[PDB]
Every structure is written in C-alpha cells, then in structure tokens.
file structure-v4.pdb (PDB, C-alpha atoms)
ATOM      1  CA  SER A   3       0.000   0.000   0.000
ATOM      2  CA  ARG A   4       3.107   2.243   0.504
ATOM      3  CA  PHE A   5       4.747   2.879  -2.972
ATOM      4  CA  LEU A   6       1.153   3.382  -4.238
ATOM      5  CA  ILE A   7       0.562   6.105  -1.609
ATOM      6  CA  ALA A   8       3.855   7.903  -2.554
ATOM      7  CA  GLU A   9       3.068   7.613  -6.310
ATOM      8  CA  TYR A  10      -0.537   8.770  -5.526
ATOM      9  CA  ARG A  11       0.603  11.887  -3.556
ATOM     10  CA  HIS A  12       3.315  12.421  -6.296
ATOM     11  CA  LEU A  13       0.546  12.609  -8.981
ATOM     12  CA  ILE A  14      -1.923  14.793  -6.917
ATOM     13  CA  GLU A  15       1.053  17.237  -6.359
ATOM     14  CA  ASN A  16       1.974  17.031 -10.139
ATOM     15  CA  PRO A  17      -1.367  17.300 -12.064
ATOM     16  CA  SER A  18      -1.121  15.915 -15.690
ATOM     17  CA  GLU A  19      -2.460  17.762 -18.814
ATOM     18  CA  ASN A  20      -4.059  14.433 -19.909
ATOM     19  CA  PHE A  21      -5.287  12.360 -16.953
ATOM     20  CA  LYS A  22      -7.128  12.917 -13.595
ATOM     21  CA  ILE A  23      -6.825  10.164 -10.935
ATOM     22  CA  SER A  24      -8.691   9.812  -7.590
ATOM     23  CA  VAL A  25      -9.195   6.838  -5.192
ATOM     24  CA  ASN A  26     -12.373   4.754  -5.565
ATOM     25  CA  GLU A  27     -14.107   5.954  -2.333
ATOM     26  CA  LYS A  28     -15.840   2.489  -1.973
ATOM     27  CA  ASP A  29     -12.727   0.352  -2.904
ATOM     28  CA  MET A  30      -9.209   1.342  -1.747
ATOM     29  CA  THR A  31      -7.651  -1.130  -4.210
ATOM     30  CA  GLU A  32      -9.058   0.844  -7.251
ATOM     31  CA  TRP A  33      -8.243   4.278  -8.724
ATOM     32  CA  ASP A  34     -10.758   6.017 -11.011
ATOM     33  CA  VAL A  35      -8.943   7.620 -13.969
ATOM     34  CA  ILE A  36     -10.149   9.855 -16.773
ATOM     35  CA  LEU A  37      -7.500   9.963 -19.538
ATOM     36  CA  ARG A  38      -7.940  12.609 -22.237
ATOM     37  CA  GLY A  39      -7.906  11.521 -25.869
ATOM     38  CA  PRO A  40      -4.666  12.515 -27.642
ATOM     39  CA  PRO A  41      -5.120  15.667 -29.783
ATOM     40  CA  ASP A  42      -4.702  15.486 -33.618
ATOM     41  CA  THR A  43      -6.189  11.937 -33.433
ATOM     42  CA  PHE A  44      -9.738  10.553 -33.803
ATOM     43  CA  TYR A  45      -9.921  10.497 -29.936
ATOM     44  CA  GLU A  46      -9.441  14.375 -30.025
ATOM     45  CA  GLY A  47     -11.952  15.445 -27.332
ATOM     46  CA  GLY A  48     -11.984  12.266 -25.235
ATOM     47  CA  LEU A  49     -12.031  12.190 -21.393
ATOM     48  CA  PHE A  50     -12.345   8.334 -21.066
ATOM     49  CA  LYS A  51     -13.227   7.034 -17.551
ATOM     50  CA  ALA A  52     -11.527   3.755 -16.490
ATOM     51  CA  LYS A  53     -10.449   1.852 -13.292
ATOM     52  CA  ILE A  54      -6.926   0.803 -12.260
ATOM     53  CA  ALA A  55      -7.452  -2.124  -9.850
ATOM     54  CA  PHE A  56      -4.271  -3.060  -7.891
ATOM     55  CA  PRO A  57      -4.289  -6.757  -6.816
ATOM     56  CA  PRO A  58      -3.610  -7.710  -3.180
ATOM     57  CA  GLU A  59       0.181  -8.271  -3.770
ATOM     58  CA  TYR A  60       0.471  -5.519  -6.397
ATOM     59  CA  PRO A  61       4.050  -4.713  -6.926
ATOM     60  CA  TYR A  62       4.553  -8.515  -7.498
ATOM     61  CA  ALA A  63       1.428  -8.673  -9.780
ATOM     62  CA  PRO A  64       0.716  -6.002 -12.409
ATOM     63  CA  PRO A  65      -2.229  -3.594 -12.040
ATOM     64  CA  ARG A  66      -5.295  -4.382 -14.269
ATOM     65  CA  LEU A  67      -6.843  -1.503 -16.350
ATOM     66  CA  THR A  68     -10.549  -1.507 -17.393
ATOM     67  CA  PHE A  69     -12.388   1.250 -19.304
ATOM     68  CA  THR A  70     -15.710   2.423 -17.836
ATOM     69  CA  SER A  71     -16.331   4.454 -21.049
ATOM     70  CA  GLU A  72     -17.208   2.566 -24.212
ATOM     71  CA  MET A  73     -14.056   2.522 -26.277
ATOM     72  CA  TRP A  74     -13.412   1.898 -29.951
ATOM     73  CA  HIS A  75      -9.896   0.443 -30.317
ATOM     74  CA  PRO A  76      -8.590  -2.888 -31.639
ATOM     75  CA  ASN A  77      -6.510  -3.519 -28.470
ATOM     76  CA  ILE A  78      -9.322  -2.806 -25.950
ATOM     77  CA  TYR A  79     -11.912  -5.619 -25.442
ATOM     78  CA  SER A  80     -15.662  -4.876 -25.540
ATOM     79  CA  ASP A  81     -15.736  -4.997 -21.686
ATOM     80  CA  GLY A  82     -12.880  -2.406 -21.553
ATOM     81  CA  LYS A  83     -10.084  -4.826 -20.439
ATOM     82  CA  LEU A  84      -6.838  -3.493 -21.955
ATOM     83  CA  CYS A  85      -4.117  -6.196 -21.271
ATOM     84  CA  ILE A  86      -1.184  -4.039 -19.918
ATOM     85  CA  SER A  87       1.542  -6.498 -21.228
ATOM     86  CA  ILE A  88       1.458  -4.459 -24.558
ATOM     87  CA  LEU A  89       2.724  -1.016 -23.284
ATOM     88  CA  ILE A 107       1.542   4.439 -13.564
ATOM     89  CA  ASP A 108       2.584   7.863 -14.796
ATOM     90  CA  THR A 109       4.183   5.860 -17.669
ATOM     91  CA  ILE A 110       1.391   3.254 -18.058
ATOM     92  CA  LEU A 111      -1.329   5.937 -18.610
ATOM     93  CA  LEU A 112       0.836   8.008 -21.032
ATOM     94  CA  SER A 113       1.649   4.735 -22.878
ATOM     95  CA  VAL A 114      -2.134   3.845 -23.210
ATOM     96  CA  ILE A 115      -2.718   7.409 -24.562
ATOM     97  CA  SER A 116       0.060   6.788 -27.184
ATOM     98  CA  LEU A 117      -1.459   3.334 -28.072
ATOM     99  CA  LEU A 118      -4.917   4.864 -28.843
ATOM    100  CA  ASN A 119      -3.447   6.427 -32.001
ATOM    101  CA  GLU A 120      -1.174   3.409 -32.978
ATOM    102  CA  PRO A 121      -3.177   0.180 -32.730
ATOM    103  CA  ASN A 122      -0.967  -2.901 -32.340
ATOM    104  CA  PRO A 123      -1.946  -5.323 -35.153
ATOM    105  CA  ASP A 124      -0.853  -8.418 -33.063
ATOM    106  CA  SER A 125      -3.526  -8.909 -30.253
ATOM    107  CA  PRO A 126      -6.901  -7.887 -31.778
ATOM    108  CA  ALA A 127      -8.805  -7.782 -28.439
ATOM    109  CA  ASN A 128     -11.993  -6.331 -30.046
ATOM    110  CA  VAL A 129     -12.445  -7.855 -33.551
ATOM    111  CA  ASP A 130     -15.027  -5.302 -34.836
ATOM    112  CA  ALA A 131     -12.646  -2.379 -34.101
ATOM    113  CA  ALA A 132      -9.726  -4.267 -35.710
ATOM    114  CA  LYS A 133     -11.726  -5.110 -38.946
ATOM    115  CA  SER A 134     -12.859  -1.431 -38.892
ATOM    116  CA  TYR A 135      -9.243  -0.152 -38.592
ATOM    117  CA  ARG A 136      -7.952  -2.526 -41.375
ATOM    118  CA  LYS A 137     -10.839  -1.209 -43.566
ATOM    119  CA  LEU A 138      -9.581   2.418 -42.899
ATOM    120  CA  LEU A 139      -5.923   1.459 -43.618
ATOM    121  CA  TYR A 140      -6.584  -0.513 -46.852
ATOM    122  CA  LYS A 141      -8.908   2.365 -47.907
ATOM    123  CA  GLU A 142     -11.904  -0.171 -48.054
ATOM    124  CA  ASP A 143     -13.949   2.093 -45.663
ATOM    125  CA  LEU A 144     -12.709   5.623 -44.790
ATOM    126  CA  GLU A 145     -15.712   6.604 -42.595
ATOM    127  CA  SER A 146     -16.489   3.916 -39.961
ATOM    128  CA  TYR A 147     -13.362   3.700 -37.690
ATOM    129  CA  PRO A 148     -13.159   7.524 -37.274
ATOM    130  CA  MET A 149     -16.884   7.871 -36.648
ATOM    131  CA  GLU A 150     -16.958   4.906 -34.302
ATOM    132  CA  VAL A 151     -14.306   6.786 -32.256
ATOM    133  CA  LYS A 152     -16.087  10.222 -32.530
ATOM    134  CA  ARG A 153     -19.129   8.314 -31.155
ATOM    135  CA  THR A 154     -17.194   7.106 -28.020
ATOM    136  CA  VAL A 155     -15.822  10.708 -27.719
ATOM    137  CA  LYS A 156     -19.320  12.298 -27.752
ATOM    138  CA  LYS A 157     -20.676   9.629 -25.347
ATOM    139  CA  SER A 158     -17.664  10.238 -22.973
ATOM    140  CA  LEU A 159     -18.484  13.983 -22.562
ATOM    141  CA  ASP A 160     -22.167  13.186 -22.022
ATOM    142  CA  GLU A 161     -21.061  10.824 -19.158
ATOM    143  CA  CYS A 162     -18.597  13.446 -17.745
ATOM    144  CA  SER A 163     -19.489  15.777 -14.777
ATOM    145  CA  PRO A 164     -18.789  19.474 -15.666
ATOM    146  CA  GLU A 165     -16.469  19.466 -12.562
ATOM    147  CA  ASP A 166     -14.404  16.776 -14.475
ATOM    148  CA  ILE A 167     -14.541  18.698 -17.869
ATOM    149  CA  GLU A 168     -13.251  21.827 -16.011
ATOM    150  CA  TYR A 169     -10.081  20.020 -14.722
ATOM    151  CA  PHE A 170      -8.720  19.344 -18.247
ATOM    152  CA  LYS A 171      -8.924  22.152 -20.877
ATOM    153  CA  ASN A 172      -7.872  24.608 -18.116
ATOM    154  CA  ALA A 173      -4.809  22.597 -16.839
ATOM    155  CA  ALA A 174      -3.874  23.155 -20.533
ATOM    156  CA  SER A 175      -3.792  26.958 -19.938
TER     157      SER A 175
END
call {"tool": "encode", "arguments": {"input": "structure-v4.pdb", "output": "structure tokens"}}
result
Amino acid sequence: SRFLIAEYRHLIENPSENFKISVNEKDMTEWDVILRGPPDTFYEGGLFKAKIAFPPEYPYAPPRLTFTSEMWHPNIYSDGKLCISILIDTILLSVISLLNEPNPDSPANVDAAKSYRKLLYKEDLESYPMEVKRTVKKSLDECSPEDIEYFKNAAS
C-alpha cells in the first residue's frame, strides 16, 4: 500500500495535462482515472473514464486496467479490459500513445480491428473515425462538468 501512496501523492502534487486520478471511495484497491484523448487523433476530445485495480500483492502482480467508457480500439476488449503487457505515470501516457497506434498483433476487439484494417486498406474511410467520434461524444455526455473543467484549463 506504501509505494502506491507515494506515487498517488506524487501525482496529486503534479497534475497531468491528460489524466485525472482519484481513489475509488468504496474500494481502496481501485483508482478512477479519466485519460484525455490525444489531440490530432480521432480520440481528439476524449475524457475516457476507467479503473486501475491493484491486486492484493500488487508490486509482485501487475495492475489491471478496465475502461468504464465505451471505447473503440482494436486492443481494448468490448468490456474495456486493456491487457497491460502491450505497453503508472508511464502506463497511462503509454495507453494514450497506443490509442493512435493500434498494435496489429492482439486484436482484443475484432469489430474495431476489422474497422481499422478497412480504414488502412482504404476499403472504408468513414467507420473507424466515426466509431471513435461516437465514443468521444458519449464520454463527454457521461462526464461531470467538474471533471470537464479540470482538463482544458490545466492546458492553460
């Protein structure tokens, strides 16, 4: 519980341009994140809620990451599991980077993968982007104006 608590205080002291964290009031072993969609990508105006659940042992076991928000990405499953093994500070900023560079190896969510392939091979130029803009719109709907404040703001 001790590294956690240092990292946690570290992050609250050092607010990030592109994620808010906070402890799950109910569950100590979970942090609620919102990570902002990378600009100049389909995820442009994101704010995607998810949960980092630390197992009992943590440092020994890796933290699990699950999106609350509906996501459209080939590497995120339909339930929002994103298997960390691909690529906390670092982990979030890595996930942000992955949103815009799907990994063609593990195709967690098939529909999103097909859809991305279709964009790449110029078979369908409209779906993948619009499927993301959907999850973006939905995310802001599901986002308290307190939350929306934090971000564009801590961008100056």
call {"tool": "axis_aligned_box", "arguments": {"input": "structure-v4.pdb", "around": "segment 59-76 of chain A", "padding_each_side": "4 Å", "output": "JSON"}}
result
{"center_x": -6.3, "center_y": -2.1, "center_z": -17.7, "size_x": 29.8, "size_y": 21.1, "size_z": 35.9}
call {"tool": "closest_residue", "arguments": {"input": "structure-v4.pdb", "among": "A:81, A:72, A:120, A:142", "to": "residue 161 of chain A", "atoms": "only C-alpha atoms"}}
result
A:72
call {"tool": "atom_distance", "arguments": {"input": "structure-v4.pdb", "atom1": "atom CA of residue 28 of chain A", "atom2": "atom CA of residue 114 of chain A"}}
result
25.3 Å
call {"tool": "atom_distance", "arguments": {"input": "structure-v4.pdb", "atom1": "atom CA of residue 139 of chain A", "atom2": "atom CA of residue 111 of chain A"}}
result
25.8 Å
call {"tool": "residues_around", "arguments": {"input": "structure-v4.pdb", "residues": "residue 116 of chain A", "least_positions_apart": "4", "cutoff": "12 Å", "atoms": "only C-alpha atoms", "output": "PyMOL selection string"}}
result
chain A and resi 20+37-43+45+88-89+109-112+120-122
call {"tool": "resolve_selection", "arguments": {"input": "structure-v4.pdb", "expression": "the PyMOL selection byres ((chain A and resi 127) around 10)", "output": "list in words"}}
result
residues 75, 76, 77, 78, 79, 80, 82, 83, 84, 85, 123, 124, 125, 126, 128, 129, 130, 131 and 132 of chain A
call {"tool": "resolve_selection", "arguments": {"input": "structure-v4.pdb", "expression": "the PyMOL selection byres ((chain A and resi 71) around 10)", "output": "list in words"}}
result
residues 36, 48, 49, 50, 51, 52, 68, 69, 70, 72, 73, 74, 81, 82, 154, 155, 157, 158, 159, 161 and 162 of chain A
call {"tool": "resolve_selection", "arguments": {"input": "structure-v4.pdb", "expression": "the PyMOL selection byres ((chain A and resi 64) around 12)", "output": "number ranges by chain"}}
result
A: 54-63, 65-67, 85-87, 107, 110
call {"tool": "atom_distance", "arguments": {"input": "structure-v4.pdb", "atom1": "atom CA of residue 30 of chain A", "atom2": "atom CA of residue 13 of chain A"}}
result
16.6 Å
call {"tool": "closest_residue", "arguments": {"input": "structure-v4.pdb", "among": "A:25, A:17, A:34, A:134", "to": "residue 149 of chain A", "atoms": "all atoms listed in the file"}}
result
A:134
call {"tool": "residues_around", "arguments": {"input": "structure-v4.pdb", "residues": "residue 12 of chain A", "least_positions_apart": "6", "cutoff": "12 Å", "atoms": "all atoms listed in the file", "output": "PyMOL selection string"}}
result
chain A and resi 5-6+18+23+107-108
call {"tool": "closest_residue", "arguments": {"input": "structure-v4.pdb", "among": "A:118, A:138, A:173, A:144", "to": "residue 46 of chain A", "atoms": "only C-alpha atoms"}}
result
A:118
call {"tool": "closest_residue", "arguments": {"input": "structure-v4.pdb", "among": "A:44, A:24, A:153, A:171", "to": "residue 119 of chain A", "atoms": "only C-alpha atoms"}}
result
A:44
